[PDB]
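For reference, the structure is listed below as C-alpha cells.
Please treat every number below as a calculation from the coordinates, not as lab data. In this analysis, Cβ positions are derived from the backbone assuming ideal geometry, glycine residues included, and neighbour counts consider all displayed protein chains.
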Amino acid sequence: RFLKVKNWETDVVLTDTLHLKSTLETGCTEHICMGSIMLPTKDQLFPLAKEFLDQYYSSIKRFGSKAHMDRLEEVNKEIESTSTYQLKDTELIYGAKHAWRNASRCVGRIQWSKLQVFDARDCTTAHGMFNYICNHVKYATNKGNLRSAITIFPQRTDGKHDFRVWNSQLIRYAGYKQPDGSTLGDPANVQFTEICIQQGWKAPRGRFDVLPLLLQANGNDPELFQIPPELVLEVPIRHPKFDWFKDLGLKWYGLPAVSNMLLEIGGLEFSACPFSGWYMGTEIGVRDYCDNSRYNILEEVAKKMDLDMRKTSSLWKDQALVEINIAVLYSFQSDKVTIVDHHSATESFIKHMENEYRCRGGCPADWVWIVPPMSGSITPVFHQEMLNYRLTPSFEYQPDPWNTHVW
Amino acid sequence: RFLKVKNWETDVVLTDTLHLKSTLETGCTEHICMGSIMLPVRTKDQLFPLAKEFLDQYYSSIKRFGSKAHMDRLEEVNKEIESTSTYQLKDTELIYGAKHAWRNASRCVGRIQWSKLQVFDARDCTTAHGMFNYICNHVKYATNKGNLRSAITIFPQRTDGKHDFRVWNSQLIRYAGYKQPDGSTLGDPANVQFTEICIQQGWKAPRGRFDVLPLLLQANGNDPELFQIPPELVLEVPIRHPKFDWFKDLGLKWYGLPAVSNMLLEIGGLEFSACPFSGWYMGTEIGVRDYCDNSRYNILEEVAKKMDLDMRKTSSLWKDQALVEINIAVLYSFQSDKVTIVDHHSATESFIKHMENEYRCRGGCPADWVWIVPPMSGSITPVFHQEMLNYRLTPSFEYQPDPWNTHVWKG
Ligand code: HEM
Ligand code: HEM
Ligand SMILES: Cc1cc(N)nc(C[C@@H]2CNC[C@@H]2OCCCCOc2cc(F)cc(Cl)c2)c1
Ligand SMILES: Cc1cc(N)nc(C[C@@H]2CNC[C@@H]2OCCCCOc2cc(F)cc(Cl)c2)c1
Ligand SMILES: C[C@H](O)[C@H](O)[C@H]1CNc2nc(N)[nH]c(=O)c2N1
Ligand SMILES: C[C@H](O)[C@H](O)[C@H]1CNc2nc(N)[nH]c(=O)c2N1
Ligand SMILES: [Zn+2]
C-alpha cells in the first residue's frame, strides 16, 4: 500500500503514495497484466465534482475555507437543477494543466505547468472551431519557437451535441490507395483521407498533402476547412553529411497536435480539446518514417548508404535508422524549429519524476510508452521502475467519431 | 473468459484462453500496474493439489489423462506425500517439467526452442565437488565447440529449506569486477560483490578486466566451496569489427555460453533451488547490455572517441551510432568463430511465429512485453507492435534472493 520504485542503474528508491488516490481502473488484475494493451446522471456527477474541487482548493492552499465550502455548495445546487455545471476559468486552467500532469504515457511532463489554455467554451459553429484552431496553431508554432497549448471547446451535455475534431492530429499528411495496390503518402490516414475526399476535398494526390480539418460543432454533421498553408510550418529533411539524403524528398511538419482525445475534469467531459507541444525526434525518425505500416523508408535509405542488405545480422536496418534520426534532428535544428532528442527528453523526465515524488508523492508512468522506440537501454528511463495508475483530471482516448456519429 | 491481443502492424488478432489456467499472482491490481517492476520449508497440505495439478497436466500432454497409469501415479504420489512429506519426480516428469518451465517463461524471447532442451538429471548429487563435476559436464555438452545446444542441469530438490543446493554465481561463466580505491572499477561492475565473496572464500584473483570467476558451490545446506572451471572448457570470442580495424585494440572479448544459475525451478510443488540452464546469446545482450549499460563495461564513450563522432551534443546521436557498431562487431565476431548467436531481428521474428503457434495449439503464450522488446531498435522489431498478455503458469522459473543474504554459516 506504500510502494517502492527502484532505478536499477542508480539504486535510487522512490516511495509512491500518490497511487492511493488512484481512481480509474488499469485493465490489470492479480491474475493478468495488460501493461501492453493499447486499449485495456446527477448521482455520479456530484462526487466527481467534489473530488476535483477538493483537490483544487487544496492546491490553492484553501482547503476547508469559507470560499471552498461556498463553491461546493454552488456547484451542488447547479447540478441538482441543471444536471451539470460550469468550471470557473481558474479551475479549467488547473484541470487541463493537471490532465497533462497525470498523462502516464507522456515523457514530456516536466513542462506540464507551462500550458497556455485557450477557453473556446463560448464556441458554437464549425467556423468558430476553425477560427479558434488557426489561432491555436499560429500561437503554438510561434514561428518555430514552439509553445505548449490546448484549446477547449464546450463540454459534453447529453451526448447528442458533442463537439469533435475528426482529425487525430490538427496537422497530418494524406494517405491514398494506389493502382498497384501499395500506398501513396501516409498509410495511417487512408480511411480519413477517403472520408475527406468523400466530404468533398480536392485531394492533390501527393505524398505530403496536409489534410483538411473536419470539424463537428454541437453534434452537427462536420465540415471541411484548409489550414492557411502559411500557418503549417514544414521541415524539409536533410543529413549533415549525406548529400543525397535531401533527394529522398522527405519533409515533416513542426507541430504535433493531438486532436482526438477526451478531456475529463471534475466529472465534465470535453470531447474536443486539441493540444500541442513539440516533437521528440524519434517520433518522426523512428515511427513516422520507419514503421512497417508508416512511410517505411529503411530499405530505400539503406540502399543509398550501400549497406549489406543480404542478412539481418549486418544490422543494416539499425544503421539506417540511426542516420534517418540524425537527419530529423539536424533539419529541425537547422531551420530553428523546436525539437528534442530521446536522450535529453528521458533525462528530463527522470528529473521530473524525482520532482513529482518529493512534491506530490509520486508520478504515474507507463514504461511501455515512456521508453523511446530506439536505443531503449541507453536512455535512463529503461532502468527506472514505474507504477502505472489512472488519476483524474485526465485525457482519454475516444472512438474515431464516424463509427459513433449518425449522419 | 476470452481475451484478444492485437498486432498493430499486421492487424492480426489472437484469442487467449490459456490465462484461465493461471494461478500465481502478477503483482498488479485493477488500481495499479506493476508491469515494469523487476520483482513485483513447504507444507503437507498445499502440496498434493500442486502435485495433482501438475500430474494432470503431464498426463493430458501424453494423452493418458484418466488412464489407469494416471490414477495409479496420483495415488502413488498421494501416499508418498503423507508418509514422507514430499515426493520424487519420475525422469519422464522432470523432463516435461523443465521443458514447460521454459515454455512458460514469459520474459524469454527464445522460447521457439523450448522443446529442444537437454535435461540432465543431477538428483543423485550429494556434494559440492559432485556439483562441480556435473556443471563442467553441462558446460562442455552445451558449448559443443561453438555449436551451442540448450541444456539444463537439475540438482536435488529443497527439503526443509535447511539443506538447499545452491550455485552462488549468478551465471556459470561471468567476469570478475574489482572496486578500486579510487571508485573506478576493473572488469564487470555487476559482479563486484560476488567477486569479493570469492576473494574472501580464498580465490586468488588475477585482477584483470576479463577474469572468469570460480564457481561457488553449495550442497545440502552446507557452506559453499570454490572451484575453477577448466579454462579449456570456457569458450571465449575476441571482439573485432569487420570494417574498423582499431576495434580489436579496445581489448574486448566475451564468453560464448549464456548460463543462468541463480533461479528456482518449480514443478508440481517441488522446489529445485539449483537448476543452472543455458541457451545461446542474442547479440544485444552483450552488445547493448554488457558493454554499454552505464553500470556495466560502459564503452560508448571510448567507441565514439575512436570513431571521431561529434560528442559535444547528445543530438548528434553519437551514442546511438556507437551502439550500432559495437553490436555489429559482436555479431561479426561470433559468426566468424562459428559460435552460435542470434541477432535481435531474427530472434524477435522467430518469437512472433512461436507466439502465434502457441495461441493456435495451446490457447495462449504468456509474454512480458517490457522484457521481450530488445533494448535497441525496439520499434523496427515486430515484437514492439505486438500486444501481449502476461500471466504466471507453472511449471515456472523464479528469481530467488542471492544466497549470501540468507545462508547461516556453519563456519
Ligand atoms: C512539450 C513537448 C512534449 C513532448 C516532448 C511530449 C512527449 C510525448 C510522447 C513522446 C508521447 C508518446 C507519443 C506516441 O508515441 O504516440 C506522448 C504521449 C502523450 N502526451 Fe505528450 N509530449 C509533449 C507535450 C504534451 C502536451 C502539451 C500534452 C497535453 C497537454 C501531452 C499529452 C500527452 C498525452 C495525453 C499522451 C498519450 C497519447 C495517447 O495515449 O495516444 N503531451 N507525449
Ligand atoms: C535459445 C537460446 C535463448 C535465447 C536467445 C534466449 C533469450 C532470452 C533473453 C534475451 C532473455 C532476457 C535477458 C535479459 O535481458 O535480462 C531471456 C530471459 C530468460 N530466459 Fe531465455 N533464451 C534462450 C534459452 C533459454 C533457456 C534454455 C531457458 C531455460 C530452460 C531460458 C529461460 C529464461 C528465463 C527464466 C529468463 C528470465 C531471466 C530473469 O528473470 O532474470 N531461456 N531469454
Ligand atoms: C489506438 C490508439 C490509442 C492511443 N492512446 N493513441 C493512439 C495514437 C497512436 C499511438 N502512437 C502513435 C499514434 O499517436 C500519435 C499521436 C500521439 C502523438 O503524441 C505526441 C504529442 C506531442 F505533443 C509530442 C509528441 Cl513527440 C507526441 C492510438
Ligand atoms: C532483479 C532481477 C530479477 C530477475 N528476474 N532477473 C534478474 C537478472 C538480470 C536481468 N538483466 C541482467 C540479469 O540478466 C542475466 C540473466 C538473464 C540472461 O538470460 C539469458 C539466457 C539465455 F540462454 C540467452 C540469453 Cl541472450 C539470455 C534480476
Ligand atoms: C503493443 C504496444 O503497447 C504498442 O506497440 C505501443 C508500444 N509503445 C508505444 N510507445 C509509444 N510512445 N507510442 C506507441 O504508439 C507505442 N505503441
Ligand atoms: C525497471 C525495468 O522494468 C527494468 O530495467 C527491466 C526493463 N527491461 C528489461 N528487459 C530485459 N530483457 N532485461 C532486463 O534486465 C530489463 N530490465
Ligand atoms: Zn499490469
- line: Taking a straight Cα-to-Cα line shorter than 22 Å from A:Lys160, and setting aside same-chain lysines fewer than 8 residues away, one finds A:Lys42
message: Charges at C-beta only: +1 for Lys and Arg, -1 for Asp and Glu. How large is the resulting dipole of the range A:106-186 about its Cα centre, in Debye rounded to 20?
response: 260 debye
Rounded if a/c under 1.5, otherwise prolate or oblate - the range A:331-407, Cα gyration tensor axes: oblate
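Which of rounded, prolate or oblate describes the range B:1-149 when judged by the alpha-carbon gyration tensor and an a/c cut-off of 1.5?
Oblate, because a/c is 1.5 or more while a/b does not exceed b/c.
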field: Cα centroid of the range B:354-411 to Cα centroid of the range A:294-361, whole Å
entry: 27 Å
statement: Once amide hydrogens are built 1.01 Å from N within the peptide plane, the residues lying 5 or more places from A:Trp252 or on another chain with amide H under 5 Å from its amide H are A:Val235, A:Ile237
message: Straight-line reach from B:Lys21: which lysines fall under 19 Å, measuring Cα to Cα and dropping same-chain residues less than 8 apart?
response: B:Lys4, B:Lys52, B:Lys63, B:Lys99
- line: Once phi for every residue in the range A:342-353 is put through the Karplus expression 6.51 cos²θ - 1.76 cosθ + 1.60 (θ = phi - 60°), the whole-Hz ³J(HN,Hα) values, with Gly and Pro written as x, are 3, 5, 6, 4, 5, 3, 5, 4, 4, 5, 4, 2
field: Distance in nm between pseudo-label sites at A:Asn220 and B:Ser170 (7 Å out along the Cβ direction from Cα)
entry: 6.5 nm
- request: Could you list which residues have their amide H under 5 Å from that of B:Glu387, counting only those 5 or more apart in sequence or on another chain, with H placed in the peptide plane?
  value: B:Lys6, B:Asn7, B:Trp8
- prompt: What nm value, rounded to one decimal, do you get for the distance between A:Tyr397 and B:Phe2 when each label is placed 7 Å out toward the C-beta?
  reply: 2.1 nm
message: Relative contact order of the range B:269-411, please, whole-number percent, based on alpha carbon pairs below 8 angstrom and at least 6 residues apart.
response: 21 percent
field: Peptide ranges A:273-279, B:129-135, A:3-9 listed from the most packed, as the mean C-beta count within 10 angstrom indicates
entry: A:273-279, B:129-135, A:3-9
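Report the calculated FRET efficiency for A:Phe208 and A:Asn355 (r = Cβ-Cβ distance, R0 = 51 Å), to the nearest 0.05.
The value I calculate is 0.85.
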- prompt: How large is the dipole of the protein assembly as shown about the Cα centre if only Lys and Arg carry +1 and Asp and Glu carry -1, each at its Cβ, rounded to the nearest 20 debye?
  reply: 620 debye
statement: Residue-ordered couplings for the range A:383-396, obtained by feeding phi - 60° into the Karplus form 6.51 cos²θ - 1.76 cosθ + 1.60 and rounding to whole Hz (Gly and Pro as x), are 8, 9, 5, 9, 10, 10, 7, 9, 10, 10, x, 9, 9, 10
task: Within a 10 angstrom radius of each residue's Cβ in A:383-390, how many Cβ atoms of other chains show up on average? Whole number is fine.
output: 5
query: Between A:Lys138 and A:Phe63, 0.36 nm times their residue separation minus their Cα-Cα distance comes to what?
result: 23.2 nm
- request: Convert each backbone phi in the range B:173-179 into a coupling constant with the Karplus relation 6.51 cos²θ - 1.76 cosθ + 1.60 (shift: θ = phi - 60°), then list the ³J(HN,Hα) values in order as whole Hz, x for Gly and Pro.
  value: 10, 7, 8, 6, x, 10, 8
field: B:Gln88-B:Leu24 pseudo-label distance in nm [points 7 Å out on the Cα-to-Cβ vector]
entry: 2.7 nm
- request: DSSP loop (so not H, G, I, E, B), at most 15 other Cβ within 10 Å: list which trypsin sites (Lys or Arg not before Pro) in the range B:264-328 pass both filters.
  value: B:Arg312, B:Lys313
